[PDB]
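> Starting off with a structure, shown below.
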Amino acid sequence: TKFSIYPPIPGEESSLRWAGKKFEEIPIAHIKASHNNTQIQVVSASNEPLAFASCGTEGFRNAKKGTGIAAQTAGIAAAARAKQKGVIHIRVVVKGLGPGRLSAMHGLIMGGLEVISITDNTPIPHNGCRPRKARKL
Amino acid sequence: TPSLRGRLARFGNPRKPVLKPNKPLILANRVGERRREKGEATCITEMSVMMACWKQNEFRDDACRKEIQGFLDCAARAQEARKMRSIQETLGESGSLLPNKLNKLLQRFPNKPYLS
Amino acid sequence: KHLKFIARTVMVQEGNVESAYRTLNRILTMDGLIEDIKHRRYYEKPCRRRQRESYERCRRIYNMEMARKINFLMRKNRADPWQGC
Amino acid sequence: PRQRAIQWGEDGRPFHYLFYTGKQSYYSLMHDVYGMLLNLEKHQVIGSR
Amino acid sequence: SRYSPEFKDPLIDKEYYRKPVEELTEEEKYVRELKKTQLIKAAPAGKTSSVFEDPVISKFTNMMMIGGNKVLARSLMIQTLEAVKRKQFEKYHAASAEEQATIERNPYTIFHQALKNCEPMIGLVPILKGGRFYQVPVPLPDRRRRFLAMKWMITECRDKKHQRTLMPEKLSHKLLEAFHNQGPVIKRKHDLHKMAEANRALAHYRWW
RNA sequence: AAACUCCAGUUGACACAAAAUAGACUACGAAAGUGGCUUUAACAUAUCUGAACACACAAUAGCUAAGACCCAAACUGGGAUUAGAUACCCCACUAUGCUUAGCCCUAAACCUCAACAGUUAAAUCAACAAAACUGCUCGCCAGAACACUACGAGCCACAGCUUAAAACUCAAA
RNA sequence: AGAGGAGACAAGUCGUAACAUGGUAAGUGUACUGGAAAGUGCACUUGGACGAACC
Ligand SMILES: [Mg+2]
Ligand SMILES: [Mg+2]
Ligand SMILES: [Mg+2]
Ligand SMILES: [Mg+2]
Ligand SMILES: [Mg+2]
Ligand SMILES: [Mg+2]
Ligand SMILES: [Mg+2]
Ligand SMILES: [Mg+2]
Ligand SMILES: [Mg+2]
Ligand SMILES: [Mg+2]
Ligand SMILES: [Mg+2]
Ligand SMILES: [Mg+2]
Ligand SMILES: [Mg+2]
Ligand SMILES: [Mg+2]
């Protein structure tokens with residue numbers, strides 16, 4: 001067969017598996033990459049929290065939190081905890097365009113978690129709430 | 001190419017203007033320079049691996065030799081790649097043509113926004 | 001309210017997470033989502049938004065016309081046939 | 001210094017057909033070299049600088 | 001410089017000229033043929049073809065030199081090497097047969113290994129940003145690394161903390177300490193590494 | 001730094017707020033304005049100009065009265081910066097932005113380019129801008145500043161809006 | 001007649017608001033606030049720019 005970038009659809013028969021688990025059962029790694037922080041929470045497919053790690057939880061403070069290095073350290077810590085809890089493959093869902101958007105992912109790979117899919121869930125309102133006023137710099 | 005009919009504010013154009021350019025929409029006989037890409041700090045991941053191993057091994061180089069060597073190799077590769085990137089920019093293979101040769105080509109066939 | 005793991009999802013091929021993330025970012029960029037998020041960080045007043053849109057449309061027109069001229073003239077970049085005259 | 005002779009006669013007509021180029025010697029040389037190149041097309045180091 | 005740009009730095013290596021022609025590659029053959037037509041600078045008095053020539057030790061001697069007094073600097077260097085060898089011989093004789101194998105007695109090897117141990121891996125660059133100055137960690141070239149090791153050794157030996165101790169003795173003691181991964185210079189390298197690790201969060205401030 | 005840790009992350013329920021992409025389209029309206037979806041009503045004039053003596057509209061801001069309140073945010077308070085910082089930067093919150101009923105009637109309300117009909121012929125054309133013009137009509141303009149001012153008058157407006165001078169001064173603007 | 005305003009005279013004082021991206025782009029309307037030029041909110045204007053093929 002040919003590899004498809006589109007994810008398999010729930011309710012459809014798919015031959016793809018990961019340690020005998022379907023795509024609907026792989027745990028989810030939520031990476032909120034804010035402009036000043038990066039938080040990574042690993043949860044089960046049944047929505048059971050397993051690990052959590054943020055740049056703040058790694059001992060980084062103030063502007064040092066919003067760096068690729070801090071996000072990578074947080075990713076390593078979260079991946080280590082998830083692997084302690086028995087997690088191998090993960091579906092990565094990232095929201096936000098902070099500096100830690102990608103580096104945190106790398107940390108997970110350095111931690112020992114295999115990324116089977118990457119999803120962007122950055123909240124893009126269809127002109128809903130009004131954001132804060134523009135800065136003068 | 002987007003249409004320009006009825007866009008600019010002109011006599012005989014009844015509607016309000018669509019475009020308000022600050023410069024005339026006339027092709028110049030030169031292109032912009034080959035803009036450099038702002039350099040990013042490199043080998044950060046290997047540096048992080050080396051520093052974490054230092055923290056775990058109390059900054060003892062003997063234990064960390066492998067990661068230290070990896071970081072050094074990455075640094076040397078980054079420096080040599082910067083030099084090769086300068087060489088490639090001089091070569092101009094990546095782009096369709098260098099800005100200088102493109103400026104020469106446009107000089108050969110200049111735009112004519114006037115009558116003669 | 002929609003289903004999950006369908007929108008903005010890219011499957012990783014043989015652990016090539018770098019290429020998967022590059023493809024995801026390219027998709028978001030081509031669809032314009034990245035610029036939309038960046039512009040929605042701070043509120044853009046309607047006059048400023050109109051000015052930006054006008055500037056970008058004029059820039060698009062100029063860039064497309066310049067690219068068309070460059071492609072049209074690129075065939076004339078060949079060697080000089082009448083060298084010395 | 002070597003001086004170029006008068007380039008036209010009593011009538012005013014210049015002697016060389018490339019006079020009005022202003023560089024009749026150089027352009028005549030270029031013309032001859034180009035003609036030689038055309039002839040060669042039609043038919044078909046260390047010790048010097 | 002009184003040498004025109006045509007002049008090339010001379011190459012002093014007997015093996016390079018005694019190499020058989022058959023082993024020579026086409027590139028090496030072309031280089032050798034080309035060198036017959038270039039101009040060559042006069043051989044500097046510092047370096048010769050002697051088998052006992054060490055560029056590292058010559059550079060260390062030059063760095064120890066004060067006011068162009070290379071006789072004194074060379075005397076200090078040879079006295080330091082002699083002191084290192086004598087101390088190693090004393091330890092070798094005073095140690096048991098098992099420890100005799102492990103004890104090193106070549107002063108040149110001790111010097112090179114001490115400099116290699118003293119070599120720092122990651123340096124700090126002061127970068128201006130937002131009106132402040134940050135000690136951003138950076139990689140270091142091998143040249144700067146060796147120079148930093150040599151300069152740290154010399155500066156530590158020249159410190160006023162050591163009273164009435166001659167330079168050869170101080171330098172020998174520091175070289176032996178560094179060879180065993182101990183002493184003030186190794187501590188300086190460790191402090192630099194610790195500061196770089198602490199400032200790791202500032203690594204992104206670097207633009208090169 | 002202050003602030004919040006009844007906080008943050010996932011999941012589910014969840015609006016009197018605002019309407020990604022389409023839109024590289026240039027449409028509707030007299031202008032102001034109008035870019036989520038559906039339905040209803042509906043977009044004057046079978047010559048043109050024409051009201052500052054009227055009639056009807058007129059962004060945003062603002063007032064009045066009753067509601068909604070996610071988010072934003074004058075003022076205010078705190079943190080920071082600074083020589084000071086009554087600001088720029090950060091945090092919290094109010095009037096306000098929204099709905100309904102009245103007011104207020106102002107904008108760089110500018111596409112600073114009037115409506116209608118016509119020409120590209122030439123004598124094209126100060127400069128720049130968005131080429132030069134012709135016929136007809138209405139409105140406006142006549143050195144700068146005083147002056148979006150004073151007085152008078154009109155207005156639901158009462159620190160307001162419209163119309164709007166003069167004296168002293170200068171050889172400029 | 002106590003005062004307000006305008007202009008001239010032009011000082012000294014407190015700042016540096018405008019002219020360059022004038023160092024927070026400038027300005028209009030309007031509201032609030034401030035020793036003072038002025039600051040901020042909301043909408044609007046270019047009488048600013050965005051460097052004008054890709055990168
Ligand atoms: Mg009429
Ligand atoms: Mg109104
Ligand atoms: Mg409120
Ligand atoms: Mg708020
Ligand atoms: Mg504020
Ligand atoms: Mg609404
Ligand atoms: Mg308008
Ligand atoms: Mg007014
Ligand atoms: Mg008035
Ligand atoms: Mg009155
Ligand atoms: Mg200023
Ligand atoms: Mg300013
Ligand atoms: Mg303003
Ligand atoms: Mg204020």
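By convention here, the chains of the structure tokens are called A, B, ... in the order presented, each chain's residues are numbered starting at 1, and ligands are numbered starting at 1 in the order presented.
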Dump as CSV the rows for residues of chain F within 9 Å of ligand 10: closest atom pair and distance in Å with one decimal, only C-alpha atoms (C1' of nucleotides) and all ligand atoms counted, ordered by chain and rising residue number.


residue,atom,partner,partner_atom_place_in_ligand_line,distance
F:150,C1',ligand 10,1 (Mg),8.0
F:151,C1',ligand 10,1 (Mg),6.6
F:152,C1',ligand 10,1 (Mg),7.4
F:153,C1',ligand 10,1 (Mg),8.7

> Listing only residues of chain F within 9 Å of ligand 5, what is the closest atom pair and its distance in Å (to one decimal) for each, using only C-alpha atoms (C1' of nucleotides) and all ligand atoms, sorted by chain and residue number ascending, as a tab-separated table?


residue	atom	partner	partner_atom_place_in_ligand_line	distance
F:73	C1'	ligand 5	1 (Mg)	8.3
F:90	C1'	ligand 5	1 (Mg)	8.1
F:91	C1'	ligand 5	1 (Mg)	8.4

> Kindly compile the residues surrounding ligand 2 within 12 Å, counting only C-alpha atoms (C1' of nucleotides) and all ligand atoms, and format them as a PyMOL selection string.

(chain F and resi 32-33+57-62+103-107+109) or (chain G and resi 29-30)

> Would you mind listing, as a PDB file with C-alpha atoms, in the first residue's frame, all residues of chain E that have at least one atom within 6 Å of chain B, where only C-alpha atoms are what counts?


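Okay, part35.pdb is ready:
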ATOM      1  CA  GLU E 197      25.091  25.133  31.805  1.00  0.00           C
ATOM      2  CA  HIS E 204      18.953  31.108  21.767  1.00  0.00           C
ATOM      3  CA  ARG E 206      23.134  33.693  19.812  1.00  0.00           C
ATOM      4  CA  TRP E 207      22.643  34.462  16.112  1.00  0.00           C
ATOM      5  CA  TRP E 208      25.513  32.342  14.777  1.00  0.00           C
TER       6      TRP E 208
END

> May I have the residues within 12 Å of ligand 12, computed using only C-alpha atoms (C1' of nucleotides) and all ligand atoms, as a ChimeraX atom specification?

/A:136-137 /F:87-88 /G:16-27,38-39,48

> Mind giving me the straight-line distance from atom CA of residue C:28 to atom CA of residue A:121 in Å, one decimal?

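Atom-to-atom, atom CA of residue C:28 and atom CA of residue A:121 are spaced 11.1 Å apart.
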
> Taking only C-alpha atoms (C1' of nucleotides) and all ligand atoms into account, name the residue in G:1, G:6, G:14, G:42 that is nearest to ligand 13.

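Closest to ligand 13, using only C-alpha atoms (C1' of nucleotides) and all ligand atoms: G:42.
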
> Just list as a PyMOL selection string whatever in stretch 34-123 of chain E DSSP marks as alpha helix (DSSP H).

chain E and resi 34-35+55-64+70-94+97-102+107-118

> Using only C-alpha atoms, determine which residues of chain E fall within 12 Å of chain A; present them as a PyMOL selection string.

chain E and resi 197-205

> Those same residues - N, CA, C and O atoms - I'd like them written as a short mmCIF file (atom, residue, chain, number, x, y, z; two decimals), in the first residue's frame.


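Listing of again08.cif after writing:
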data_model
loop_
_atom_site.label_atom_id
_atom_site.label_comp_id
_atom_site.auth_asym_id
_atom_site.auth_seq_id
_atom_site.Cartn_x
_atom_site.Cartn_y
_atom_site.Cartn_z
N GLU E 197 26.27 25.96 31.58
CA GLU E 197 25.09 25.13 31.80
C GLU E 197 23.99 25.94 32.48
O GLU E 197 22.80 25.76 32.17
N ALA E 198 24.35 26.82 33.41
CA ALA E 198 23.35 27.66 34.05
C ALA E 198 22.72 28.63 33.06
O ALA E 198 21.51 28.88 33.11
N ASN E 199 23.52 29.18 32.15
CA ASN E 199 23.03 30.15 31.18
C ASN E 199 22.48 29.51 29.91
O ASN E 199 22.14 30.23 28.97
N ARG E 200 22.43 28.18 29.85
CA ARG E 200 21.88 27.45 28.71
C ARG E 200 20.58 28.04 28.17
O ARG E 200 20.33 27.97 26.96
N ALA E 201 19.74 28.60 29.04
CA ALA E 201 18.49 29.19 28.57
C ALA E 201 18.74 30.40 27.68
O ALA E 201 17.87 30.78 26.90
N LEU E 202 19.92 31.01 27.79
CA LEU E 202 20.27 32.16 26.96
C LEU E 202 20.91 31.75 25.64
O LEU E 202 21.31 32.63 24.87
N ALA E 203 21.02 30.45 25.36
CA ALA E 203 21.71 30.01 24.15
C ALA E 203 21.01 30.49 22.89
O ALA E 203 21.66 30.72 21.87
N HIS E 204 19.68 30.64 22.94
CA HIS E 204 18.95 31.11 21.77
C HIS E 204 19.27 32.56 21.42
O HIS E 204 18.98 32.99 20.30
N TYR E 205 19.85 33.32 22.35
CA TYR E 205 20.22 34.70 22.06
C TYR E 205 21.31 34.78 21.00
O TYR E 205 21.46 35.82 20.36
#

> Taking only C-alpha atoms (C1' of nucleotides) into account, which residues of chain C are within 9 Å of chain G, as a list in words?

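The answer, sorted by residue number, is residues 45, 46, 47, 55, 59, 62, 63, 64, 65, 66, 67, 68, 69, 70 and 71 of chain C.
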
> Can I get the selected residues back with N, CA and C atoms, as a compact mmCIF listing (two decimals), in the first residue's frame?


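Below is the file part_18.txt, written as the result:
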# COMPACT_ATOMS: atom_id res chain seq x y z
N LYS C 45 -7.16 47.03 14.11
CA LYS C 45 -8.30 47.90 13.91
C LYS C 45 -8.71 47.89 12.44
N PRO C 46 -10.00 48.08 12.15
CA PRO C 46 -10.47 47.92 10.76
C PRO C 46 -9.74 48.79 9.75
N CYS C 47 -9.38 50.03 10.11
CA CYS C 47 -8.60 50.85 9.19
C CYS C 47 -7.23 50.25 8.95
N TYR C 55 -2.16 46.99 0.96
CA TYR C 55 -0.73 46.87 0.72
C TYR C 55 -0.37 45.48 0.24
N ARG C 59 1.16 44.43 -3.32
CA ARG C 59 2.40 43.66 -3.32
C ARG C 59 2.24 42.38 -4.13
N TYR C 62 2.24 43.32 -7.85
CA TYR C 62 3.58 43.67 -8.32
C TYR C 62 4.47 42.45 -8.40
N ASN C 63 4.42 41.59 -7.38
CA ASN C 63 5.28 40.41 -7.36
C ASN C 63 4.92 39.44 -8.47
N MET C 64 3.62 39.24 -8.72
CA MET C 64 3.21 38.36 -9.80
C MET C 64 3.62 38.92 -11.15
N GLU C 65 3.47 40.23 -11.36
CA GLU C 65 3.88 40.81 -12.64
C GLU C 65 5.39 40.73 -12.83
N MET C 66 6.16 40.99 -11.77
CA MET C 66 7.61 40.90 -11.87
C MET C 66 8.05 39.47 -12.13
N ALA C 67 7.41 38.49 -11.48
CA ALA C 67 7.73 37.10 -11.74
C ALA C 67 7.40 36.72 -13.17
N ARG C 68 6.26 37.21 -13.68
CA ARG C 68 5.91 36.94 -15.07
C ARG C 68 6.94 37.51 -16.03
N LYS C 69 7.39 38.74 -15.78
CA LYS C 69 8.40 39.34 -16.64
C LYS C 69 9.72 38.58 -16.56
N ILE C 70 10.11 38.17 -15.36
CA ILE C 70 11.36 37.43 -15.20
C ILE C 70 11.30 36.10 -15.94
N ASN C 71 10.19 35.38 -15.80
CA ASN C 71 10.04 34.12 -16.52
C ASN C 71 10.02 34.34 -18.03
